[PDB]
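As structure tokens, the structure follows; a few thoughts come after it.
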Amino acid sequence: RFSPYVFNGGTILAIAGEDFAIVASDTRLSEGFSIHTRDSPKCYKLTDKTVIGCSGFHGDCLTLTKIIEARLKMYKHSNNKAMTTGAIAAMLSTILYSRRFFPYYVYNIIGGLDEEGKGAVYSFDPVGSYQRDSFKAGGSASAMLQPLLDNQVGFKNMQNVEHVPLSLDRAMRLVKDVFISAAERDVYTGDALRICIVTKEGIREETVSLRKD
Amino acid sequence: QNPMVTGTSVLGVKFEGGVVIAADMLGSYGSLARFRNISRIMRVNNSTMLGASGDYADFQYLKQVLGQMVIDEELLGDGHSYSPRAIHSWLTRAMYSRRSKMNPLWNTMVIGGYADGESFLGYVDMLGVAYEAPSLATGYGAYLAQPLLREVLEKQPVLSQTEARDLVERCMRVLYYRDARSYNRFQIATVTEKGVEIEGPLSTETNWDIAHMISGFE
Amino acid sequence: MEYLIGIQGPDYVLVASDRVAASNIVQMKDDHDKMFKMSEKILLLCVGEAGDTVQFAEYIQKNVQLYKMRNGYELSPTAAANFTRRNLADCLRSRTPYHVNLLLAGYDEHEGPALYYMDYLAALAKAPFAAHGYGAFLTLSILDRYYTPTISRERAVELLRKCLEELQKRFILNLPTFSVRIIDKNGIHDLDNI
Amino acid sequence: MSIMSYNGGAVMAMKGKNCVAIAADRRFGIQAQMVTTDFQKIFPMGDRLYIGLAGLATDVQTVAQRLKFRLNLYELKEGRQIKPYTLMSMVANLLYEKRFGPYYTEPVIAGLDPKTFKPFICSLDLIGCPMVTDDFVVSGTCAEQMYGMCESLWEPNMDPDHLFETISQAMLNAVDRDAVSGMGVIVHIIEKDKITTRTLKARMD
Amino acid sequence: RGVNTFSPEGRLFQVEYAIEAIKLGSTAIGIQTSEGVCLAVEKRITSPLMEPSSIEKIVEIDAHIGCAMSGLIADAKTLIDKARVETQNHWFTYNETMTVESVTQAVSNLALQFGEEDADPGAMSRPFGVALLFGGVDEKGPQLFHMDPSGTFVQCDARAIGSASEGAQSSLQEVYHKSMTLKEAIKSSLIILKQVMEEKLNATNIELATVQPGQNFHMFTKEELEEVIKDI
Amino acid sequence: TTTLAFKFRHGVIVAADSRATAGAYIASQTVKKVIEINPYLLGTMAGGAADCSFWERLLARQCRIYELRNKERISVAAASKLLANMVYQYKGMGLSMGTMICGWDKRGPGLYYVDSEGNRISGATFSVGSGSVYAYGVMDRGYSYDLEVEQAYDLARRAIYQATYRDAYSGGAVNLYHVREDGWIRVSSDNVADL
Amino acid sequence: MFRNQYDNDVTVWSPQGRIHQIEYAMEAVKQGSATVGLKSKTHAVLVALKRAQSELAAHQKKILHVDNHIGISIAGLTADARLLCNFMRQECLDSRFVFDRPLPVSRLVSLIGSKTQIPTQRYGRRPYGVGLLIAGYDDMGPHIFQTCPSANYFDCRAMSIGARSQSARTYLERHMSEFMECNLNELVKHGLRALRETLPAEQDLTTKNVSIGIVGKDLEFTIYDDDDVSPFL
Amino acid sequence: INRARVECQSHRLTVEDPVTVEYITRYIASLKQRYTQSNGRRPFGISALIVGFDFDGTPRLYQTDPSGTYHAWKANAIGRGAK
Amino acid sequence: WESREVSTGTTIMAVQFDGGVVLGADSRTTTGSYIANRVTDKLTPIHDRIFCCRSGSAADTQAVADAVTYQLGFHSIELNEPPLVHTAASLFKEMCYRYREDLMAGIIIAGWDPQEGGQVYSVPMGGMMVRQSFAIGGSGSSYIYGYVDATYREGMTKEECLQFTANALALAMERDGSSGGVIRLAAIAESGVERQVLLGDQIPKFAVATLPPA
């Protein structure tokens, strides 16, 4: 019969500061050898300095997003008080644990800022589960990019001589550099790159285009 | 669910003054031409147009629910409210639920229209993936025709040079020649900003050298 | 693995029951026994699926004690066996999988003891002795040969001893020997093993 | 092997003039491993009416108890006896319900009505269709062979003493047919003045 | 004669009756001060062969919200089971703290089920006959609410409810101040509690509790109560 | 992943490892594979990451009801029994979940082994893992009820190190706990790579 | 007589065909607080009085944020109002999920009405005895409606609930023409004056009881609470 | 009585020991107030004396009454001619 | 479908004319060389103006036909005068759709009313409802397609149409299939409903085969 599983995911990269975060993503979305669309990110601004991205399938991605947004509205109505990141982190999991019967899935990540004046990023598995991050790349191209990303951004491996502390500017240079490189190693990366930069002033977006061939 | 009597190749585009849509008129049952000269055109309201491809039985079923939408409420039910961005969402939800039962439909539909200032052209599939793009083609047309259309519609100033019908007319001739699971007749419909217009029964035009090189009959 | 032997002397019943306590693919501990004492008049041994055994046993214990208090009487162990059999008979048909083998060892106050063997097709029988599992193969020839209807008490203890020496000898399994129980109308005692 | 065969078993009934006879096997093992050479698969409901059941043992116990419930209550309400025919019907109705499920049983009814003084036998099928037997009745897995023997051995007129020889030899032939070693058999010899029960002597392993 | 009636006055009958039932119970006192909430109660006694040691009527809902209840005591036992669970459910879902007020709302929804009519979905024929003084501490600091048997909640800083309430509340005013010491308060509370009594002042019929941020919800022990007696 | 627990003179030593995930070599750890049921009780992840997370949390709520209503501490034996029933419902819907629930109660030091069939057996040494077998050889040599605290931390520690060669989803770091009658005290987390 | 008869039948009909139940319901609206509603039809304001039972209390709210473009004031008992409010929020949520449209508040109000009306049309349901002034900023502007527990839905350009509603009405009619399609400031002053008419008027104006709530062209739901009204005083 | 006899057994399985007396009492009490507060039911209206021990030698006397409440006493007398 | 399957040629058409519609169809159903059913009707009155041709599996079609009759019977007594067009078509569709893929019906519903004239609707297996100028159905269509393409007749006479259907059906059965026997026909007009029957020996040696209908 008809499929109960179709791929569509891209590639994303979430980078955590200690007072900022950026979540960057390709616009190219593909499956296999035919191209679904040459545009659209899977990173979205949930608001209030929470940025979210759901990689796996477009059909699932829109639906989760819409649905979360009502639970936040309802909550505030129920008495003035808002979900923290952590709250949201539990909320996604329950949904997934339900969906363990459902045959379509997604690999979700949430990022934002705490009131500890630093980033928190939590990442979920497609069955439920959560873990604390420092940095996460998600999607297809992730597996290849990440050790190198971990080392260049991090310096927390047992295979580097020194540390340096993050800078925003420096984080931006690294991010573009990884993506431009990713593109001639995948057909799931390409076209353009959408950067969500998260600060305590508010949420800014930057776009730069990449190669295609 | 499973194909029965099916239709393929529904092409569409957006242009300055409107959106243009074209579709052949065929109901094939594998390869037997059960129906020749069959519509695929549902006017929605008068200011939006749905072109549908996929199972023809399923199409009929969907037309009625759409029909209920405007014969209800104090004022018309697709009057003051219900914009094309809304009509697109409403449709997507309906595929989504079927797929969740895994008792699915089998159509790919284009909802085309005008909003009030902006062109609306939005896609829905059996997969249920929803997008807006300036150019769409279904079926065989999705693979073959859409790169020919894309040269014109990925270059935005060149769009602005002309009313689109000619690109459409041309593509459809190449399409009829290469594929004989397609029929010589087609209908073309244009939704302008305030009006809607259907040009009825046309047949493909006979090219110069291309006619010698390749014919449309088996 | 799974094994249970029994013999009914006309004055007591000795049963051999399984032991484990750290059994996965290794031996490092064995102390726990898949038996529950149904009361002090009836004792029950069981083998089958490991989760299902505890789930089944507890329901039957719970009910039997209610009837005891409500009537202020005690059911015969024979009476108990058909009851247990009737429950297991339902289950088999249903979607839930209880298909475990049970041994109800019982002492009748003024009718003398009785030993019941339950299969996973659901079948209840009384035997002066029987056995089941891997143990049975080796033991039953001895039991047939050495036992003679209404043998002494002293003779049983020797006969059980022989089994352990056969099990050692021929060599089977990977954990050593059995746990033996004595059921009497003085309650339940224990026959130590090497 | 089958859903009725794990402990095998066969059952025979033969009719005589002025008497009827039901013979059966006994044996219960667990699969192919013989534990005991006993297990009645025939029960009676009132002196003279005998019912022999041939499914799996598990099924048999449950069905015999069902027939008890029904019959007792029925008997009570009408306040007068049940007939042989009435038992036959009852079995059918029960047989019909079990047809979706894996309880498949073959019954056989035998008895001699002594408030009417006629002999009565029937066999019933495991899809629930009743088929009224005559002169001989078969049940068990061995049936094809058993049928062969019953068509041969019978003679139109029979005396309990002749009837006894006929069943005995039938039973003797029948135990050799078992691959499940179903050793031990009973006979009940019924008259409308007497019943004899005989356990018979046979091969032992 | 329905009790599904709205009433010609339009002021439902059953709610009014409840206040009377309450006038029959004890006296329960609350002062919330600048820092800390105190709740004091009379758990009473009558005979010498009774153990009120056993009895209580001030319970901790959780370690940061408490409640004192007053009225038809059996109903309040039902009332708490529902609340206590609901709070606990929020910890499973977000592992986080609930506001005193959120908890109080949840229970008020359940206050309306009386009737078998179609304004209320039936389960009950009548309401809970109790008022509760709901206390807690959170980031909105120590606060106090008065849960009104009229299925509604009003906010408070000082309140008495009980038989004596009409007098008590008057007495409560002079001693209240927007800023007063917590310890000072406990003595002030003790004075009103003394006045109402006809029966002996012992630590075996009155009970104090407070919540302070530095030590959670704490029930006050006998030895502690006896000391408070000595001061006044 | 190997986690192990053993009983001795006073208390239990509970040890497990963790590592960051990507399906390749790393040394950073991520999160815990021990669940804090209550400030008293520890339960180990030796089943699926989510199954444990959800179900252990649920058992934990029931403890918080039970303690508040009845006015007492909950028994570790009781807590195993409650878990087992629930585990049994989930049976016939696949999934994995196994744990060891460790405690030092009034009724004794107790370790219950729990699996994904819903079998529940009480014990005093358990090693669960892939590496469990290897760990076991090391445990067995050192096994005594006459063992002192310092030495025990080392018993466990070395046991893990042996596991690192054998399985690549062991190692990274080992977290150790010693459980007392006023809660657990962590012996702390020790990097596998050292000696 | 037969007062008890007319309570006992919720299916009541009398010789004069009156339905007493509605009557009772009206007395219950008059028992509530004082609230006014006003709109210019480019801005809408509502002055609402929030009162407190005693000295050591603090005022209870009667302005509810139903949505970030629609809202109400309640006048009558707090408990019933909560129940209605959940239904309406969820009705707004599915509009957002499915249709992604706000939806006319006019269309919304009418739907809620039916579902109540039908249980008065049969056994069970007592009156809900809260009246509402419902405001919202929709596509064709703000609009104002009065919902009654008689399910009497009316759009008005201003209205009032509370004992001595009529007083303030007469002033609203007088000042009606002055309201025009401008000035924020002016609407509030008239409201403060008007609100004085609703009260017995022996009670002097206070900043702790009053509360001012606005929605307008680029405005959504905002509340001025306590002292916060003094800037705009 | 029946409700209690099953209930002890429910507990016997979970707690693996018999519980306190007070706990048993609380269940019976709960049904009685439950029947007043719920529609379409009413309590039996009976009063009891509940007494026992647990593992401890402390003796327990608790009193149950159909006002839906329960309490401890040193001594108690109930019924005709109580004063 | 339930427990049949047809593997033989079917040949049915309704052809429209001025006065109304004329229906023709073969008789007998067959599964293989063994004769599943002998010479039978499927030209069914479910109304006096409204007839149908049944095709596919016998059991399914029979069930559908009575069910529509019940509904139209209730509808007729109270609204009064039934036209074929929207009203017959939908009731057959819903069932085909609902019962979905456990349903094998190929129906030509043809009717004559003075209300809009005669109509022809064709139920395919998907249950599309299509107004046709005239329609040919069955598996034997494949044999007739060529004839109709060749002849290019136009203009209708009751007599002219009778020959047209007679050669087409006759041929179709001849090459393949094991369906045959009698060809039965109904010309439906304001006169009433006229029944024609033609024997399987009187039905060969015809010609003519319209395709433009005007």
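Every residue gets a Cβ built from N, Cα and C, even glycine.
Features of the protein shown, as given by Swiss-Prot:
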type     : residues : note
CROSSLNK : G:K115   : ubiquitin cross-link
CROSSLNK : G:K208   : ubiquitin cross-link
CARBOHYD : G:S110   : O-linked glycosylation site
MOD_RES  : G:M1     : N-acetylmethionine
MOD_RES  : G:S110   : phosphoserine
MOD_RES  : G:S177   : phosphoserine
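The separation of G:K208 (ubiquitin cross-link) from G:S177 (phosphoserine), Cα to Cα, is 30 Å. The recorded positions G:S110, G:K115, G:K208 include none with a CA atom within 10 A of the CA of G:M1 (N-acetylmethionine).
G:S110 (O-linked glycosylation site) sits 35 Å from G:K208 (ubiquitin cross-link), taking the CA atoms of both as reference points. DSSP assigns G:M1 (N-acetylmethionine) to coil in the three-state reduction, placing it in neither a helix nor a strand. The recorded sites considered are G:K115, G:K208; of these, G:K115 has the fewest other C-beta atoms within 10 angstroms of its C-beta.
According to its DSSP assignment, G:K208 (ubiquitin cross-link) is coil. The two recorded residues G:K115 (ubiquitin cross-link) and G:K208 (ubiquitin cross-link) have their Cα atoms spaced 37 Å from each other. Look at the Cβ of each of the recorded positions G:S110, G:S177 and count the other Cβ atoms within 10 Å; the largest number goes with G:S110. Here the Cβ of the residue listed as 'N-acetylmethionine' has 5 other Cβ atoms within 10 Å, regardless of which shown protein chain they belong to.
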